[PDB]
> 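Shown below is the structure under consideration.
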Amino acid sequence: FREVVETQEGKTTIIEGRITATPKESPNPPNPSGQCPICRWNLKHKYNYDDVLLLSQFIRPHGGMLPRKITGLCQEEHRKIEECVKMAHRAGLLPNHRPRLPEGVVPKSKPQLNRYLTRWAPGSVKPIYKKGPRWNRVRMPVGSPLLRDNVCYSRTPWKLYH
Amino acid sequence: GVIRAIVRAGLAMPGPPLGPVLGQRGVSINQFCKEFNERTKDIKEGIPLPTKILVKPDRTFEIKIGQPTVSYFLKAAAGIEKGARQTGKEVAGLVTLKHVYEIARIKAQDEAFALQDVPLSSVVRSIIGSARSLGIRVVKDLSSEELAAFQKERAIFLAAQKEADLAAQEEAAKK
Amino acid sequence: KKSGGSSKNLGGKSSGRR
Amino acid sequence: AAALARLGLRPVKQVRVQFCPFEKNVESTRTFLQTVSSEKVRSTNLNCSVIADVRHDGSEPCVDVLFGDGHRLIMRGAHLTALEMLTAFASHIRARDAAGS
Amino acid sequence: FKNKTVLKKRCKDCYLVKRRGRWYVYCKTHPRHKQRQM
Amino acid sequence: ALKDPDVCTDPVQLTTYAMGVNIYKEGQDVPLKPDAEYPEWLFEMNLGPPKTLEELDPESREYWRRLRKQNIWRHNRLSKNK
Amino acid sequence: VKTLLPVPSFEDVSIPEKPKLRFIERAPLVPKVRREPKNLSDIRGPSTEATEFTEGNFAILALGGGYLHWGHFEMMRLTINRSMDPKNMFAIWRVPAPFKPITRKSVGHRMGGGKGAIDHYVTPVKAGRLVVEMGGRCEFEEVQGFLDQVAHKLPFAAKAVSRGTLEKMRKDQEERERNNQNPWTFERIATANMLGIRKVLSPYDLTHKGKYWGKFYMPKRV
RNA sequence: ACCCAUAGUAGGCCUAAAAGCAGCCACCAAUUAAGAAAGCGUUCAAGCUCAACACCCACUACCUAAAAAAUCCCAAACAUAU
Ligand code: FES
């Protein structure tokens, strides 16, 4: 990877770029014919929001996603890994990939509400004051429909609406 | 700001459209007149001249003028006073390759073609295309007798045009 | 409430001939 | 750049672009020259110099910016992108203006 | 804002963003173009 | 009172001189050099309608420039009503 | 180095003398006297008329059944004539003028007392019919915009189609009927009265094969 | 998406004037390339985009878009063990 450093000395600023150590794909992918990193390692349909060892390899130090052209992911798996990282952040599973805070700002405290499988941004959802009849019931989404094709080891498929 | 307007030599007037444009930008019209008419003394009055008023701080204007429009050149060289009303259906003039070649020699001297340093053939190609829009057909060789015959027929067609205009005025009178 | 009209088609009451 | 033309080269006084075009890591520095050489950007401040110190010695490309206040900005473009330079360059223009006033 | 079921950019500075769970049209040039998803 | 300037109309003169080429009052209407004094390609110039794509060579400049104009003609046409 | 491609040439297409859509009258020339039954079967099921292109290259395809009244023709005409290029485009009607009489009773009347009086006229349209046909020196992109506007304002589901999009639309439906991996199809079950299913089906369902429900067409059904 | 824009010429005709952009016809030429012009514009002007050139890949998925009533929401819940 590549860094950028700005050092100001004697009213003079010097902006440079250094090349740091770079990781490399582990040798012998179980499926070298795979197109994207996922299919090359027989990982399609086999990861979830809690598999951070996988998800942490496709995000920036501050929790942002990395571009598809750089990672090489298929457009499809990019959307799965993108949703999975959104949910992993909201589950408190990426406690080091936190947003950069300018000028040492100390955020005001928030209520701790543990959560998992959170499809929507918490501040963006309204209360369900009128649940509606049983034949038109306003449901609560759980998980993501992007992961519907994940391998299900139970005879019942994932329920995405509670 | 560069002001572009094809004006006639020595006929600058304070009235529109020249006036309002100059006044809006603050350029003195009287100052323009004093310079223009003096700079247009050796040129035949009434000649359509593409001008280029290089207005610059503070309202300084260098009136650089180029060769007359190629429309003028061709229309005058064909002996007609107006252009074709519907070109492609009405041939209002005839010229030879020699007439076009010599007009190119004068028009190539214009700053527009001179700055491109193009061969004369390229400029000649431009004249032919511009001619086909004015109704003038370029011919390889034309005799004085061939032009006289056509001109006689051309008078008949031109005369009938006047009568047609009167009929249109009657219909416009009701509207 | 509203005065209504009447059908203008009479007859047509014969039964099938078997 | 659009933001660079809107902001202008007002505070800048001399911009020197040095590179060895026969090298393989000057594309960013050569791109930096293209954007600043525009009639748009140069017009914002005609006095502001734009020099092209083309060399062939092997030194990494450099961009030297001299402000009217006397401050200097040195961007070593060997491992920098043109976009990174223009964002950094615009930041100093926005900064030196506030420092003076 | 005007509430709209179909959001249409009216210009070239009119940009589409999703905030608060719905789509918006914000235009800094022509504020009269601002739309809200209904 | 305002009209266009004078137009020469003498048939023979019109055919013996390039009228209007003299723009200087003292200048003289330019007589026409003879055939020999002109290059051969002048009489090989295309005085008719432009060559079509079939007539043009697929490896020539004019061909592609003509094709480009047609592509632009279309673009304008299919955006007129958008 | 953009790769230019040839453009189609419109030298094999002539424009009719009257490219615009003619005016459509509200009611027929001679008024009808005999009042007619409701006859709702005339917007039910697939169309067997005006299902193919004749002169032009683009059209509005009806994706459902319904009745066109005069207000629809006025909307079709003014929108098409105002939006077409008369020099390079022509437009022909593919539906007849309103001919089916529609009766209404006086306001506030009770049931009974004989049938009501003829009120207006309509034109029945079945799904799969061309409503209006266009052609000329244009591509589909040029007309698709405002043909979609008029189609969206029709009393049934409709869509602007081309000589080509119509064909691929039909190839896709036949492709689906062939690669359908479901061993159970509506037709198979309903033709064999499997499960005694005809106790809930119409006789018409033997030919509609589950693609039609009243006047509605379902292009997803195979 | 990013960029980028010179030139015969304000093509004639029409019109008080029309200059790419009233309406009329025609739509050829310059340079590697830029429509007698697609959208905006004005004083008919000028201006601002788009279509070209150059650099060179933006990523573009697939079709899509909604809601309100009156006593008090309405089982509780749940994405994971064949
Ligand atoms: S998972 Fe194989 S193409 Fe993306």
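Chain A is the first sequence line, chain B the second, and so forth, proteins listed ahead of strands; every chain is numbered from 1. Atoms considered below: every heavy atom in the structure, side chains included; atoms not considered: hydrogens, waters and symmetry mates.
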> Specify whether both conditions hold for H:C25 and H:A26: six-membered ring centres separated by under 5.5 Å, and ring planes at an angle under 30°.
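As far as the 5.5 Å and 30° test goes, H:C25 stacks onto H:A26.
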
> Please work out whether H:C44 sits syn or anti, treating a glycosidic angle within 90° of 0 as syn.
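Chi for H:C44 falls in the syn range.
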
> With the 90 degree cut-off around zero defining syn, does H:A79 come out syn or anti?
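Because its glycosidic torsion lies within 90° of 0, H:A79 adopts the syn conformation.
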
> Please measure how far the P atom in H:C50 lies from the corresponding atom in H:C3, and state the result in whole Å.
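Straight-line distance between the two P atoms is 10 Å.
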
> With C1'-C2'-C3'-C4' as the criterion (positive north, negative south), name the sugar pucker of H:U15.
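Torsion sign positive, so north.
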
> Touch check for A:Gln75, heavy atoms < 4.0 angstrom, all strands: base, sugar-phosphate only, or nothing?
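If one applies the 4.0 Å heavy-atom cut-off, A:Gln75 turns out to touch the sugar-phosphate alone, with no base involved.
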
> Do the side chains of F:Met45 and B:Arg125 get nearer than 4.5 Å, heavy atoms only?
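Answer yes - side chains close enough.
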
> Considering only atom P, compute the distance from H:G35 to H:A30 and round it to an integer number of Å.
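The answer is 11 Å between these two P atoms.
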
> H:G11 and H:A54: how far apart are their P atoms, nearest whole angstrom?
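It comes out at 29 Å once rounded to the nearest Å.
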
> Please test G:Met89 against F:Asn81 for side chain to side chain contact (heavy atoms under 4.5 Å, CB included), starting from the C-alpha separation and ending with a verdict.
CA-CA 12 Å; G:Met89 301 178 183; F:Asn81 47 29; 3.9 Å; yes

> Can you find an N or O donor on one side and an acceptor on the other, under 3.5 Å apart, linking the side chain of B:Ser133 with the base of H:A36?
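By the distance-only test, yes, there is a pair.
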
> Please measure how far the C1' atom in H:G39 lies from the corresponding atom in H:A51, and state the result in whole Å.
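These two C1' atoms come out 11 Å apart once rounded.
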
> For B:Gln161 and B:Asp165, does a side-chain donor sit closer than 3.5 Å to a side-chain acceptor?
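Absent: no donor and acceptor within the cut-off.
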
> Taking the six-membered ring for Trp and the full ring for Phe, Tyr or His, determine whether the centres of A:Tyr49 and A:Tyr116 are under 6.0 Å apart.
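Centroid separation for A:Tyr49 and A:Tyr116: 6.0 Å or greater.
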
> Taking the same atom, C1', in H:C56 and in H:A52, what whole-Å distance lies between them?
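Nearest-Å result for H:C56 against H:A52 at atom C1': 16 Å.
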
> Whether H:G47 and H:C40 form a base pair should be assessed as Watson-Crick or G-U wobble, both distances under 3.5 Å. Do they?
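Yes, a Watson-Crick or G-U wobble pair.
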
> Less than 3.5 Å between a donor and an acceptor, one on the side chain of A:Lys159 and one on the base of H:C78, is that the case here?
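Such a pair is found, so the answer is yes.
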
> Would the number of heavy atoms belonging to other residues, nucleotides or ligands and lying under 6.0 Å from CD of B:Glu171 be above 12?
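Counting neighbours around CD of B:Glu171, 12 or fewer heavy atoms of other residues, nucleotides or ligands fall under 6.0 Å, so no.
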
> Need one value for B:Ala131: base, sugar-phosphate or nothing, where a base atom within 4.0 Å counts as base even if backbone is also close, heavy atoms only.
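The answer is nothing, as B:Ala131 stays clear of every strand by at least 4.0 Å.
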
> Please determine whether H:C14 and H:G23 constitute a Watson-Crick or G-U wobble pair, defined by two donor-acceptor distances each under 3.5 Å.
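No; nothing between H:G23 and H:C14 satisfies the definition, which requires both distances under 3.5 Å.
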
> With a cut-off of 5.5 Å for ring centres and 30° for planes, do H:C55 and H:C56 stack?
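Ring centres under 5.5 Å and planes under 30°, so yes.
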
> Considering just the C1'-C2'-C3'-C4' torsion, please state whether H:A18 has a north or south sugar.
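Sugar pucker of H:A18 - south, given that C1'-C2'-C3'-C4' is below zero.
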
> Quick one: closest heavy-atom pair of E:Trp23 and E:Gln37, and the distance?
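Answer, listing the atom of E:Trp23 first, then E:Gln37: N-OE1, 2.7 Å.
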
> Is there a Watson-Crick or G-U wobble pair between H:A5 and H:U32, both distances under 3.5 angstrom?
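Given the Watson-Crick and G-U criteria, H:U32 is not paired with H:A5.
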
> Using atom P in both nucleotides, what's the gap between H:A66 and H:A70 to the nearest angstrom?
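About 23 Å, rounded to a whole number of Å.
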
> Going by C1'-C2'-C3'-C4' alone, is H:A46 a north or a south sugar?
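North is the answer for H:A46, its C1'-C2'-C3'-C4' torsion being positive.
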
> Mind checking if H:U49 and H:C50 stack, meaning centres of the six-membered rings less than 5.5 Å apart and planes less than 30° off?
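Both cut-offs are satisfied, so the bases of these neighbours are stacked.
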
> Pick north or south for the sugar of H:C72; the rule is positive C1'-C2'-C3'-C4' for north, negative for south.
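That sugar belongs to the south family, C2'-endo side.
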
> Could you work out the separation of H:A33 and H:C24 based on their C1' atoms and round it to a whole Å?
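Comparing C1' positions in H:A33 and H:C24 gives a spacing of 32 Å.
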
> I'd like the P distance from H:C21 over to H:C25, given in whole Å.
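Rounded to whole Å, the distance is 14 Å.
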
> Under 4.0 angstrom, heavy atoms only, what part of the nucleic acid is D:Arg30 near: base, sugar-phosphate, or nothing?
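Nothing, no heavy atom under 4.0 Å.
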
> So which nucleotide does H:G35 pair with, by the Watson-Crick or G-U wobble rule with both distances under 3.5 Å?
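Paired with H:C50.
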
